[PDB]
Structures are given as C-alpha cells and as structure tokens.
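Engineer: sequence plus experimental coordinates follow:
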Amino acid sequence: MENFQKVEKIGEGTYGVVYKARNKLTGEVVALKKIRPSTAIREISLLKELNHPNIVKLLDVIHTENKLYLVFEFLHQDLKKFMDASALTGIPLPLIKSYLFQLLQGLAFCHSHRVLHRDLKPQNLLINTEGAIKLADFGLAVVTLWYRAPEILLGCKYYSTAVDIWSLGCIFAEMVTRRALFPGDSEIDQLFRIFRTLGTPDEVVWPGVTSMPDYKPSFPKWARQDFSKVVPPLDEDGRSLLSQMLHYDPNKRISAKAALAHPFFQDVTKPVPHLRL
Ligand SMILES: Nc1nc(Nc2ccc(S(N)(=O)=O)cc2)sc1C(=O)c1ccccc1
C-alpha cells in the first residue's frame, strides 16, 4: 500500500503474500497480507473481534483496488524456523509443553467462538522473545498436507473443531521428535502415511468411515503401530495426550478444553526461548 513501506517479504501462499511493513505514519511495524466477497469480508470483520493472547491480533482490514489487505501485529519468528534452528539439540520439553498449552488455550478460545483455523502448521504459529506463541493466518470456510486431518483427506464436507486438534497433535509430535509425523507429498500418500502409523481405520474405531466420500474399500489394511515407537522421547503423559489428539473419529478426538486439563500439563511453566533474530 501507499501508507506502508515494505521492509521485506516474509512469506507467500496460494492466496496471499505476507510482508513485514512499517506504517509510514505511526511507524508501527506490522505483518501485512495482500490478497488479490461479502460473506468472506464479513467473516474477516469477525476475526477482528477475536482477541486472545495466543491469537495474532488482526489490526485492520482494507479492501481497495481489487486487493484485500490484512494488517496484523508483527511477531519475529515462526515455529517452523525455530524448530529448524533447534534441530541439533531439540526444543526443551518444558518449552514444547508451554507452546502446546498456549496453542490449546488459543484453540479453546476460537472454538468456543465457533471459529476454526483449518490450516495449522509450524509456519503459521508465531513466537516472540517473551515465551508466547500465537495462532496466525486463520483459514476461511506447493501446499503442505502434513497436518491435514484424515476426515478432510477422506472428503468430509463439513469440518469440525477436531481438525485443528489433529493438526496441533501432528505439530506436537514434530516438536518432540524433530521430524514431521506424516510427511505426505500427495493427498493419498498423506492418507496412507497416517494409515501406516495409526492403522487403517475401520468401522470399529471410526463409525461411518467406510461411507465417507473418498473412502475406497480397496485401501490397504495396515496394522496400527506401537505408539512408543512413534514419539519415543515423549513420556507417557505426553503420549497419552497425543493419542487423544490423534483419534480417527472426530467425535472421539479430544477437545482443546479437555486437553488443557490433561495430566501432561500438571507441571507446565512458561520458559523463555532462545531466539536468534
Ligand atoms: N503477524 C505475523 N508476523 C509474522 N512475522 C514473521 C513470520 C515468519 C518469520 S521467519 N520465517 O521465522 O523469519 C519472521 C517473522 S507472519 C505474521 C502473520 O500474521 C502471517 C500471515 C500469513 C501467513 C503466516 C503468518
């Protein structure tokens, strides 16, 4: 825009580009997403009221010249970069726990306001020097499929808040092991990597799964893998919580509210991360 001086591009997606920018007048530093309807723009105006310490603040929405600009408070690093920077040693468990706890608080909040994120991934989880982590780039009602819930992959038409819990469980596992849990490179490879680890779902663990849009009786039947092999460095409380975030049945999958009460968070604290900016 004219009122903003681009400092640098900080990301690109299949629907918008995000820039670090400075308000030529107020001098405030922000993240500005540029996109090239009515229900949508109104769905966005709603996001503006969504204020929580673990949700990136949407400051302004400007629709002009066939472009839609969203102005957000700026955070200095995303979780993908922090995880890469922490690959040699790993993020200490207490910080992993703090981040997971905070993200669950953010989801508990949006979900209670009937707002779903739909596309959680390390690149849209932002952190600051104070130890906070916040949800960014909420999705409206080469793409990474790694954090996609199985019901989406199987063609469900109506997502539930459970899709966000699944994505967060995948991210939790990745922080712990320092390797993506299900790194699929296509929708079917993504689905099959999930099946190879958690077992091919059936009517027993997921009632109604065989009648889903993209379910094929021809899917291979893989046995579920021992969970202790999936995220070895994780203690039993963590594995227990993870297994609940990764239940196949969206209705059995733990809610963010319930997850916050899990024994895993009994000793949660808020550590300071070591951030190189
Ligand atoms: N508020 C906000 N601040 C951001 N700063 C940022 C992001 C990454 C890095 S990096 N790669 O670690 O050097 C450094 C700063 S991004 C952002 C968004 O709201 C957003 C928008 C669309 C998609 C994803 C995020």
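Structural biologist: Perfect, I can see it now. Numbers count the residues shown, from 1 in each chain.

Engineer: how near is the residue of the stretch 151-277 of the chain found nearest the ligand to residue 111?
Structural biologist: For the stretch 151-277 of the chain, the residue closest to the ligand is residue 277, as judged by C-beta to the nearest ligand atom, at 8.1 Å. (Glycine included, C-beta is placed from N, CA and C.) Separation of residue 277 from residue 111 (C-beta to C-beta, to the nearest Å): 31 Å.

Engineer: please identify which of those two sits among more neighbours.
Structural biologist: The neighbour comparison of residue 277 against residue 111 (other C-beta atoms under 10 Å) goes to residue 111, with 19 against 7.

Engineer: next one: the spatially closest residue to the residue of the stretch 151-277 of the chain closest to the ligand that is not a sequence neighbour from residue 126, what distance?
Structural biologist: Using C-beta to C-beta, 6 or more residues apart in numbering and skipping residues adjacent in sequence, the residue nearest residue 277 is residue 76, 5.1 Å away. As defined by C-beta to C-beta, residue 76 lies at a distance of 8 Å from residue 126.

Engineer: ok, now residue 152?
Structural biologist: Applying C-beta to C-beta to residue 152 and residue 126 gives a distance of 23 Å.

Engineer: higher neighbour count, the two?
Structural biologist: The neighbour comparison of residue 152 against residue 126 (other C-beta under 10 Å) goes to residue 126, with 24 against 21.

Engineer: which helix or strand lies directly C-terminal to whichever strand or helix holds the more buried one?
Structural biologist: Using DSSP states H and E, residue 126 sits in strand 125-127. Where DSSP H and E defines the elements, the next helix or strand beyond strand 125-127 is strand 133-135.

Engineer: contact partners of that next one?
Structural biologist: 53-56, 75, 79, 98-99, 102-103, 106-107, 110, 117, 120, 124-127 (C-beta atoms under 8 Å, 6 or more residues apart in numbering).
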